[PDB]
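[1] this one's a deposited entry, sequence included:
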Amino acid sequence: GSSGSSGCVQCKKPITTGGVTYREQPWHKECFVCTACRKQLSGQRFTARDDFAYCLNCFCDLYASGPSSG
Ligand SMILES: [Zn+2]
Ligand SMILES: [Zn+2]
């Protein structure tokens, strides 16, 4: 039948206005945020590493690192 609406997967809620998608799955414009700083990626630049999404900033902070004395 026609019993199936697109609802956020993060919190598992319905999406009426302001929504996005990720990996063939719905995501709220407030749920699709970073995994370290919880920043609304919806709109800005962002890239996932394995499963979660980490904004460039965090991405180049958690894993990335500088030299010894610097
Ligand atoms: Zn949500
Ligand atoms: Zn971040």
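    Sure thing, it's come through. Numbering: from 1, shown residues only. Ligands and ions are numbered 1, 2, ... in the order given.

[2] quick check: residue 9 touching residue 23?
    No: judged on C-beta atoms under 8 Å, residue 9 makes no contact with residue 23 at a distance of 9.0 Å. Where you see a C-beta, it was placed from the backbone N, CA and C, and this is true even at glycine.

[3] looking at the two, which one has more neighbours?
    residue 9 (17 against 9; other C-beta atoms under 10 Å).

[4] now do the helices in this protein.
    Ranges of helices in the chain, per DSSP state H, are 56-62.

[5] in it, which residue is closest to the centre?
    residue 32 (3.5 Å; C-alpha atoms, centre = their mean).

[6] near ligand 2, which residues of this structure are found?
    34, 36, 37, 39, 55, 58 (C-beta under 5 Å from the ion).

[7] count the residues that sit near the fourth one.
    The one in question is residue 39. 16.

[8] how about it, what does it touch?
    Residues near residue 39 by C-beta atoms under 8 Å, 6 or more residues apart in numbering: 33, 55, 57.

[9] residue contacts, the last one?
    In other words, residue 57. 37, 39.

[10] let's see it at 7 Å
    The contact partners of residue 57, by C-beta atoms under 7 Å, 6 or more residues apart in numbering, come to none.

[11] in the protein, which spans are strands?
    Secondary structure of the chain (DSSP state E): strands located at 19-21, 26-28, 47-48, 53-54.

[12] the residue nearest to the centre of the chain contacts residue 43, doesn't it?
    No: look at residue 32 against residue 43 with C-beta atoms under 7 Å: they stay out of range, at 9.7 Å.

[13] any residue of stretch 8-22 touching ligand 1?
    Yes: among the residues of stretch 8-22, 8, 10, 11, 13 lie within reach of ligand 1 under C-beta under 5 Å from the ion.

[14] of those residues, closest to ligand 2?
    Closest approach between these and ligand 2, by C-beta to the ion: residue 10, at 15.7 Å.
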